[PDB]
Amino acid sequence: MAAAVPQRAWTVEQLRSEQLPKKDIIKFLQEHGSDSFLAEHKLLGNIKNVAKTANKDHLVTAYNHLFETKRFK
């Protein structure tokens, strides 16, 4: 678990699913997504504060772009 890379837990469709909440997605993206990722995509700080202004489709966009530029640690 010491420097374990983020293997996506959920797929694009699983995220878009209104069954799956926005909070645990933002948790995943702030859990390993570094400071520049969190600043540009505004996923830093209090999850709920982000979640009240986070739309699901933006979170799936942020998710896909995370791995695309390796912005995670």
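Positions of Cβ are backbone-derived with ideal geometry, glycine not excepted, and every protein chain shown enters the neighbour counts. FYI, it's all coordinate maths here, none of it is from the lab.
Odds and ends about this structure:
- Residue that is nearest to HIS65 (Cα to Cα) [pool: residues in region 30-41 that are under 10 Å from the mean Cα position of the chain (by Cα) and free of Cβ contacts under 8 Å to residues at least 24 places away in the same chain]: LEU38
- Extreme residue, nearest to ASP24 (Cα to Cα), among residues of region 44-69 that are of a type in the set (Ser, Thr, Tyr) and in contact with a helix residue (DSSP H, G or I) (Cβ under 9 Å, 6 or more places away or on another chain): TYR63
- Just one of (1) without any contact (Cβ under 8 Å) to a residue 24 or more places away in the chain; (2) of a type outside the set (D, E, K, R); (3) surrounded by 11 or more Cβ atoms within 10 Å (Cβ to Cβ) fails for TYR63. It is (1).
- Among residues of region 12-29, those that are in a helix (DSSP H, G or I) and either under 12 Å from the mean Cα position of the chain (by Cα) or surrounded by 12 or more Cβ atoms within 10 Å (Cβ to Cβ) (or both), counted: 11
- Hits in region 56-73 - residues which are within 12 Å of the chain's Cα centre (by Cα) and either in a loop (DSSP other than H, G, I, E, B) or under 18 Å from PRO6 (Cβ atoms) (or both): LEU59, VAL60, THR61, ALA62, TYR63, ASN64, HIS65, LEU66, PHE67, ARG71, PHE72
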